[PDB]
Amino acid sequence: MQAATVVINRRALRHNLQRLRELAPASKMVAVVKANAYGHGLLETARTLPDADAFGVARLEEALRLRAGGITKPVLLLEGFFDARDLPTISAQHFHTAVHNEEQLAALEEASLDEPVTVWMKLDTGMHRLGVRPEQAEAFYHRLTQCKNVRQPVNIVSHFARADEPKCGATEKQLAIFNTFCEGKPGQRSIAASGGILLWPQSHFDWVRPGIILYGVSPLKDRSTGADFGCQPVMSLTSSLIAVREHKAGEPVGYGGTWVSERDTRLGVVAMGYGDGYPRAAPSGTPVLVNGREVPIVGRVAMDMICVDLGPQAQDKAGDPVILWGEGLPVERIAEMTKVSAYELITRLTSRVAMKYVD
């Protein structure tokens, strides 16, 4: 049969990069493809977007994998490098890096490289995750402009912690801090990711870093989907039924007897579970498409299977197509129903899912 599979629409991917250029017309694009391109495939997603100005990754491993696959464009290390002994590779690879701590800076200062490296000084403007705090940033910044090993000018990067919450003044505060530090400095400026791109046009600056919305999924947490912004969904989590069985009123289904039927019906069993990446937290009632038709999940999601209520004379058959999320069913709707973030849903999938690419 066909069991568990992720179908990636290359056409929708292309459409979204172009659509985002329309939303941030004066900014270059850093296609964020970390974590296996949000579950869509690191290398294939990069090869689908040869138009991207650059690619962003979390770790050095991911960037090197890109070069190994023949990706040639600039890759930004969003978290910088974790070992000073990596600088020579970074330099030779032409990898651009963020610099947020003393270790990285002192490494830049003492290293001996055949070529200087393009750098983005990570500023802490409010997220308090990575980055140099304001009161340390000027001195830190000045040391970078004095590096032989750093291409000039030093670029400045930062990230929003609550851009999806327009009513709290978090973003405007980070923007205030970002703007104060960049005054009078050359070099490119970057602080906007999906949220900043869609909701804050003041934060576009020179480079924007689309991640989730690049895949046609909304970064917000209203019921909004990628189509609210003209972005098309790229991923479809699919599978097939491996059984259609009779069931009777009063009888429970799955582990823990979580769901009990109030009527004689027919249950379908899907070749999909959390061993594939489908949330074990999915409550009975969560929507799933069987032969194009919404049916509810009944009972606890197991490691390899999911049961759905088809109906007493439902004519579904072992073999028939199932869509966990996809065309007809945005991953957002599954996020709302299961209470799991769309970011995690599309990303926390296992190596057992097979990967298809269409268009």
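A residue's number is simply how far along the shown sequence it sits, counting from 1.
**Student:** Going by the B-factors listed in the PDB entry, is the mean over the C-alpha atoms higher for 103 to 111 or for 234 to 242?
**Tutor:** Between 234 to 242 and 103 to 111, it is 103 to 111 that shows the higher mean C-alpha B-factor.
**Student:** Tell me which stretch has the larger mean Cα B-factor in this entry, 268 to 276 or 132 to 140.
**Tutor:** Between 132 to 140 and 268 to 276, it is 132 to 140 that shows the higher mean C-alpha B-factor.
**Student:** Just to confirm, going by the entry's C-alpha B-factors, which of 169, 126, 210, 216 comes out highest?
**Tutor:** Out of 169, 126, 210, 216, the record gives the largest C-alpha B-factor to 169.
**Student:** Say you rank 306, 60, 66, 33 by Cα B-factor from the PDB entry; which sits at the top?
**Tutor:** Max CA B-factor in the entry, restricted to 306, 60, 66, 33: 306.
**Student:** With respect to C-alpha B-factor, does residue 347 fall in the lowest, middle or highest third of the chain as deposited?
**Tutor:** It falls in the bottom third of the chain.
**Student:** Lowest, middle or highest third of the chain for the C-alpha temperature factor of residue 149?
**Tutor:** As the PDB entry reports it, the C-alpha B-factor of residue 149 lands in the highest third of its chain.
**Student:** By the recorded C-alpha temperature factor, relative to the other modelled residues in its chain, which third is residue 95 in?
**Tutor:** For residue 95, the deposited C-alpha B-factor lands in the lowest third.
**Student:** Is the Cα B-factor recorded for residue 48 in the lowest, middle or highest third of its chain?
**Tutor:** Middle third - that is where residue 48 ends up once the chain's C-alpha B-factors are sorted.
**Student:** Could you say whether, by C-alpha temperature factor, residue 334 belongs to the lowest, middle or highest third of its chain?
**Tutor:** Highest third of the chain for residue 334's C-alpha B-factor.
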